[PDB]
Amino acid sequence: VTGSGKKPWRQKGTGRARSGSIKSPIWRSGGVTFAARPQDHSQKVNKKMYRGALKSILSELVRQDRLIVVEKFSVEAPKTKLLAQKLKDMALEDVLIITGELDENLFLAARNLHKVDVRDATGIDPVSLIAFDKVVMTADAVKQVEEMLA
Amino acid sequence: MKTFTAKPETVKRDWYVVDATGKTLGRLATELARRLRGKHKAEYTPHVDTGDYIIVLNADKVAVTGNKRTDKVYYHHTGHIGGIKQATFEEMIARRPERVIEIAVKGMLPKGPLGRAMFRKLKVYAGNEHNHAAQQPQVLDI
Amino acid sequence: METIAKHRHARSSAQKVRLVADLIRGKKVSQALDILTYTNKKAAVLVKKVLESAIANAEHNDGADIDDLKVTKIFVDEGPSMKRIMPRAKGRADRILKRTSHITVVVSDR
Amino acid sequence: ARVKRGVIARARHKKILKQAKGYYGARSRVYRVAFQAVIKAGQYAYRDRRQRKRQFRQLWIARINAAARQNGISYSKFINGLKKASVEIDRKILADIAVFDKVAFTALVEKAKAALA
Amino acid sequence: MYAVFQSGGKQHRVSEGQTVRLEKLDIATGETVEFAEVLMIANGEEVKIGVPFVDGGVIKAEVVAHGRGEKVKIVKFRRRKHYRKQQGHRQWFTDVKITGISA
Amino acid sequence: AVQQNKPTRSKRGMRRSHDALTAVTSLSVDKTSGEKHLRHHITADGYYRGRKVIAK
RNA sequence: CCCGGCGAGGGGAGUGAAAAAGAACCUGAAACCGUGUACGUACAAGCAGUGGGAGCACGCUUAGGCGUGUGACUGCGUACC
RNA sequence: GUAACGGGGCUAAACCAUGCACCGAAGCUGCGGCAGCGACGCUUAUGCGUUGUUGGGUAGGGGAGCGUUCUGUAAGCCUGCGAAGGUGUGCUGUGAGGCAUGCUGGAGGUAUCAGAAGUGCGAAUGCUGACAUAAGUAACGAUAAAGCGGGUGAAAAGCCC
Ligand SMILES: [Mg+2]
Ligand SMILES: [Mg+2]
Ligand SMILES: [Mg+2]
Ligand SMILES: [Mg+2]
Ligand SMILES: [Mg+2]
Ligand SMILES: [Mg+2]
Ligand SMILES: [Mg+2]
Ligand SMILES: [Mg+2]
Ligand SMILES: [Mg+2]
Ligand SMILES: [Mg+2]
Ligand SMILES: [Mg+2]
Ligand SMILES: [Mg+2]
Ligand SMILES: [Mg+2]
Ligand SMILES: [Mg+2]
Ligand SMILES: [Mg+2]
Ligand SMILES: [Mg+2]
Ligand SMILES: [Mg+2]
Ligand SMILES: [Mg+2]
């Protein structure tokens, strides 16, 4: 804290109380007993526990039939409106739609669609698997998530 | 349904007359005091003065036991200089006898404000008659 | 009709103004004004001026008729202190508070 | 996450000052004083809950005696009597009949006096 | 015209029409308990349990709402000993009306 | 010498039990001019017992 | 517009959704100071409460010998770290 | 200052001996209740009529929880038909607390399950600020000294003549 080593007032004599640094954490302006530093909150996670976790959550998606696999989910051009259509058509609003190799238009669509999000198979993460009402997933991609999880 | 309380405004009281004459002061005081305090009825309420007004009589003739008459302590202090006066029992029967019985039952009633009131009910007298005919005092003993 | 007048930030303690104020409370506005004129405290003038302003307020802004008025209500609360220092012996500096009041007078005919 | 502190604090002090109403001067105005004031009030009432039960019994006994003694028997014997009285059990509190039914009481003394003969 | 009876662990002087608070009492809210061991009854001329309990005196009452008394605070505080605990306790009670007093 | 405990707001009160001013009561009106005035005193316009004294 | 020292401050008027926003201006706690009302208090002695408890005052329900405030009198009782 | 029975007072209300009542504690019993640790009988994602029993406690060990900020859940939910906060009240919890609602306020607040902590204050002659006390007391700074007339002024001992 910006200040000086000088001791505010003597030890003994002024009827005051010790004092020694105008920066005492107990003093007003200036202090902070265990000041933070920037820190890294990353945690490890074993590999076999990450893969183990995913498996555990797919299985549950499936058990709640939130997992709805299709052959080929895709759209004809980068137009959210288009996608929004298909979704309305399929009875969808909150969705994952994890596709095999990811097209670009379907990523470009969906972007502004907020309750929806598309991923390529190898992308797929734990929480977003859980975060949505249903997750779609194509045959194209299951074969992939298969290999992946082994 | 809580236990009863005498109530200062409804409480009865009653007057009596006691001849101190030959009675052994202190076995007398003891009674005056208890009756003085209502301890004989619906006392049953120690915050309320339920005692009877008792008028004492012929205090000077009160009786004592042992050598007390000539030898009984009787000290007090004027709260001055080094002011500790003392008087012998006979000395006190001699000047204002009333006092012996008073100072007596006082020491037997309780403490402070209440007990202090209880004592006003007691009207002593050195002589043999008293001027509270209107109160129609009924005689009693111990 | 109530109608009132007050002096806020009056340069007197409060304790002192109250001393005068209690002379007046609940008096016939008339008898009030007299008790004030012949009271030698500087608060007296401070409070006479309020009473007056207040009576005036009554007659001009409301029913008026100062003949019936009473100081039905008078109380003075304490205003902020101005804060000072008193150079004193041996380098010691002393506090000292210049104190102020808010006088309130309420006059009516009931 | 630096924490405000204060509302949860004003909650507490108020909680205590509130339990301290009617207490004198700072006892009822100033937290630091108010607190120690509540705590003892607390400790007194835990003591006095126990006490109360003593106090009344002694009230009762006192007045049982007044009454017994008025019918020409000491409290001590009167109780003994009731105790021998072909069993015959009956709270000291309850013997408030003493005040509110002087004839039911003399009854009791008689029953008692008898079982003592 | 009253009588006395053991029912809390405590006893109670009571007359018909009169409500009393007893300790708790399973007896459902509206039914009728019957105290069949009364230790005294009285009019102008009365009946003490020569033994405990007057020959054939009974007492009848209808329970009439169950409840829990007003909370009370338990404070324990040992000065200078870094010690204290506070505690809350309430206390079930059942209330009966008293129709009986069958002499 | 200085106090050992702070005096209660009540003792202040009691100490001040005598601080009250006394209102006058004792003034009168000049038989000849409007003029209220303290007994035995000149009225402002300069009267005393009727008879305008002190011309100022 | 009015009181006032062509003051300080104030009362109206008016603006404004609001001046329970008027410039010391969002909210506006606490210590601390007042005015008003119920109750108590001028024979009473101590950590100031707590247990019991009259009376007064206010709410009760058509009484029911209850709620709230106050608290004469009385048992017990030497703050906290 | 009685002051070497606690006091009054006592010739027993003292001592000794025998006896029978009684009072007397937060001990023991009674009625109701909660919990920790065991284990019957009814019967297991078991709690129970339950049932035996235990439940003072500094240092210290162990267990179970309240509440605060911030992330997600939340583009949900509550909210100008009134959020946060402030102040009452009511009911509830063993407690830390919770919930409701009158008043004030006038724009924000978030269940739940989880996640992270600048998470809880009465004391450190603690830090800052605000406000009491003493007290309307001390004092108003060289004991060279003032008096009156006129003036201005809302007011003049203190300015002006
Ligand atoms: Mg800093
Ligand atoms: Mg790796
Ligand atoms: Mg005593
Ligand atoms: Mg210097
Ligand atoms: Mg404001
Ligand atoms: Mg008196
Ligand atoms: Mg005193
Ligand atoms: Mg016994
Ligand atoms: Mg006991
Ligand atoms: Mg324990
Ligand atoms: Mg134990
Ligand atoms: Mg917040
Ligand atoms: Mg603090
Ligand atoms: Mg501490
Ligand atoms: Mg002076
Ligand atoms: Mg002084
Ligand atoms: Mg002086
Ligand atoms: Mg002086």
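Residues numbered from 1 in each chain as written, not as in the entry; some residues may be left out. Chains lettered and ligands numbered in written order. Part of a larger assembly, values for the part shown. Heavy atoms only, no water.

Going by this rule: UniProt positions are given in the numbering used here, feature names are shortened, and annotations may be inferred rather than shown by experiment.
Per the PDB entry, chain B goes by the name 50S ribosomal protein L13 and belongs to Escherichia coli. For this structure, the PDB header gives the title as "Crystal structure of the E. coli ribosome bound to erythromycin". Regarding chain B, the UniProt comment filed under Function reads as follows: "This protein is one of the early assembly proteins of the 50S ribosomal subunit, although it is not seen to bind rRNA by itself. It is important during the early stages of 50S assembly." According to the UniProt record, the Sequence similarities comment for chain B reads "Belongs to the universal ribosomal protein uL13 family."

Named according to the PDB entry, chain A is 50S ribosomal protein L4 originating from Escherichia coli. UniProt lists a comment for chain A under the heading Subunit (literature references left out), and it reads "Part of the 50S ribosomal subunit. In TnaC-stalled ribosomes forms part of the binding pocket for L-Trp with the leader peptide and uL22." Listed under Sequence similarities in UniProt, the entry text for chain A is "Belongs to the universal ribosomal protein uL4 family."

So, a negative patch on the surface
The test is simple: Any residue with relative accessible area above 30% and no salt bridge may belong to a patch, with like charges joined within 9 Å and the nonpolar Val, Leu, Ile, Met, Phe, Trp and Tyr side chains within 5 Å. Note on areas: these come from Shrake-Rupley sampling with a 1.4 Å probe, and a residue is covered only by the protein chains present in the view. The term salt bridge refers to a pairing of a side-chain nitrogen on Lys or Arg with a carboxyl oxygen on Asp or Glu at a separation within 4 Å. For the purpose of charge, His is not counted, nor are the chain termini; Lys and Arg are scored as positive and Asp and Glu as negative. For this purpose, a charge sits on NZ of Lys, CZ of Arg, CG of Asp or CD of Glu. A run of H or I in DSSP counts as a helix once it spans at least four residues, and a run of E counts as a strand once it spans at least two, with each numbered from the N terminus.
Together, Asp 65, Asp 67, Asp 68 and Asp 109 of chain C give the surface a local cluster of negative charge. Mapped onto the elements of the fold, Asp 67 of chain C is located in the loop between α3 (42-61) and β2 (70-78).

Regarding the arrangement of the chains
Convention followed: In what follows, a contact means two residues having at least one pair of non-hydrogen atoms within 4.5 Å.
With five pairs of chains in contact overall, the contact-richest pair is chains D and E. With no contact between them, chain A and chain B keep their nearest C-alpha atoms 44 Å apart. In this assembly chain B lies apart from chain F, the nearest approach of their C-alpha atoms being 25 Å.

Considerations on the sheet that holds β2 of chain C
All names here are of chain C. Test applied: In this analysis, strands are considered paired if DSSP registers two or more bridges between them. All axes here are fitted lines through C-alpha atoms, helices being fitted over the stretch that makes contact, and every angle between N-to-C directions spans 0 to 180 degrees.
Pairing in this open sheet of three strands is antiparallel, and the strands run β1-β7-β2 from one edge to the other. Sheet topology places β1 (4-10) and β2 at the edges, where each strand pairs with a single neighbour. Recorded for the sheet is a direction-independent mean angle of 10 degrees between the axes of neighbouring strands. In this sheet, strand β7 (residues 101-108) lies alongside β2 in antiparallel orientation, the contact comprising seven bridges. Bridging across to β7, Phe 75 finds its partner in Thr 104. Sitting on the sheet, helix α1 (residues 15-24) touches β2 and β7, and the angle it makes with β2 is about 165 degrees.

So, the interface of chain C and chain F
Short version of the rule: Buried area: the accessible surface (1.4 Å probe) lost by two parts on joining, summed over both. Two N or O atoms count as a polar contact when they lie within 3.5 Å, although within protein this holds only if one can serve as hydrogen donor and the other as acceptor, and sequence-adjacent residues are included solely when both atoms are side-chain atoms.
If you look at the interface, chain C gives eight residues, while chain F gives ten residues. Across the chain C/chain F interface, buried area totals approximately 810 Å², and carbon plus sulfur atoms make up 70% of it. At the junction of chain C with chain F, the criterion picks out one salt bridge. The residue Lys 36 of chain F makes a salt bridge to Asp 34 of chain C at a minimum N-O spacing of 3.3 Å. Applying the counting criterion to the chain C and chain F interface returns two residue pairs in polar contact.

A word on the nonpolar core
What counts is decided by this rule: Residues belong to one nonpolar core when they are buried, are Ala, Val, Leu, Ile, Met, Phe, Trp, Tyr or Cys, and are joined through side-chain atoms within 4.5 Å. Remark: exposure states derive from per-residue accessible area (1.4 Å probe, protein chains only) relative to the maximum for the residue type, with buried under 20%, exposed over 50%, and partly exposed in between.
Among the nonpolar cores identified, the biggest contains 44 residues, and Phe 78 and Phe 105 of chain D together with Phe 5, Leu 22, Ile 59, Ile 98 and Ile 101 of chain E are the most heavily contacted of them. The contact partners of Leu 22 of chain E, leaving out residues within four places of it in the chain, are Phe 5, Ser 7, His 12, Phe 35, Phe 93, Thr 94, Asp 95 and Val 96 of chain E.

Focus: the packing of aromatic side chains
This is how the line gets drawn: Any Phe, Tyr or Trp ring, taking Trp's six-membered ring, that has another such ring centre within 6.5 Å forms a pair; planes under 30 degrees apart are called stacked, those over 60 apart edge-to-face, and the others tilted. To sit over a ring, a charge needs its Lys NZ or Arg CZ within 6 Å of the ring centre and within 35 degrees of the ring normal.
In the structure shown here, the tally under the stated rule is nine aromatic pairs over all chains. Look at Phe 4 of chain B and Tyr 44 of chain B: their rings are 5.2 Å apart centre to centre, the planes differ by 85 degrees, and that puts the pair in the edge-to-face class. Of this pair, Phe 4 of chain B sits in the segment before β1 (15-19) while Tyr 44 of chain B sits in the loop between α1 (27-36) and β2 (53-57), placing them 40 residues apart in sequence. Centre to centre, the rings of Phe 56 of chain D and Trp 60 of chain D are 6.1 Å apart; their planes meet at 25 degrees, and the pair counts as stacked. In this pair, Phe 56 of chain D and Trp 60 of chain D both sit in helix α2 (residues 31-70), four residues apart, roughly one turn of the helix. Under the relative-accessibility criterion, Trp 60 of chain D is labelled buried at 16%. An aromatic cluster of at least three residues, connected via ring pairs, comprises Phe 4 and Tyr 44 of chain B together with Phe 100 of chain D. The ring of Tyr 46 of chain D carries the charged tip of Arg 50 of chain D above its face, separated from the ring centre by 3.5 Å. The ring centre of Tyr 2 of chain E lies 4.9 Å from the NZ or CZ of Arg 13 of chain E, which sits over that ring.

Concerning helix α5 (residues 139-149) of chain A
Residues and elements named next belong to chain A. Using the following cut-off: The arc refers to the directions leading from the helix axis to the C-beta atoms.
Along α5, the positions that sit buried rather than exposed are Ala 141, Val 145 and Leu 149. End-on view of α5: buried residues confined to an arc of 65 degrees, all on one side of the axis. Within α5, the exposed residues directed more than 90 degrees away from the buried face are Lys 143, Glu 146 and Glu 147. If you follow the buried residues of α5, they end up packed against α1 (47-63) and β1 (98-99). At the exit of α5 stands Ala 150, carrying a positive phi of roughly 60 degrees.

Things to note about the interface of chain D and chain E
One frequent convention defines the size of an interface as the accessible area lost when the parts assemble. With 23 residues of chain D at the interface, the matching set in chain E holds 22 residues. Of the roughly 2,000 Å² buried where chain D meets chain E, counting both sides, 58% is carbon and sulfur surface. Interface area lost by chain D to chain E is led by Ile 39, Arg 91 and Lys 111 of chain D, which between them contribute 23%. Remark: the boundary between chain D and chain E carries one salt bridge. The interface formed by chain D and chain E contains six residue pairs in polar contact. Secondary-structure elements contributing two or more residues to the side of chain D that touches chain E are α2, α4 (97-100) and α5 (102-116) of chain D. Tallying contributions element by element places α2 of chain D first for the side of chain D that touches chain E, with six residues.

Topic: the protein's contact with RNA strand G
This is how the line gets drawn: Distances are taken per atom, and a residue is near a molecule or strand as soon as one of its heavy atoms is within 4 Å of it. Only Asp, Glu, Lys and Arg are considered charged, only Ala, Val, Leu, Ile, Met, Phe, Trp, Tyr, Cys and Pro nonpolar, and every remaining residue, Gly among them, polar.
In the neighbourhood of RNA strand G, 51 residues make up the surrounding shell, with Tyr 44, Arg 47 and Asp 48 of chain D together with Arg 9 and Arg 12 of chain F lying closest. Among the atoms of RNA strand G lying within 4 Å of the protein, the sugar-phosphate backbone contributes 79%. Within the contact set of RNA strand G, a phosphate oxygen lies 2.7 Å away from a side-chain nitrogen or oxygen of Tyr 23 of chain D. Here the element with the most residues in the surface near RNA strand G is α2 of chain D; it accounts for eleven residues. By residue class, the composition of the surface near RNA strand G is 16 nonpolar, eleven polar and 24 charged.

Notes on the pairing of strand β9 (residues 83-89) of chain E
Residues and elements named next belong to chain E. Relative to β9, strand β8 (residues 72-78) runs antiparallel, the two sharing seven bridges. Residue pairing across strands places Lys 76 opposite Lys 85, the latter belonging to β9. Taken together, β8 and the strand that follows it, β9, pair antiparallel across an intervening segment of four residues, in which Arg 80 is found at a positive phi of about 60 degrees.

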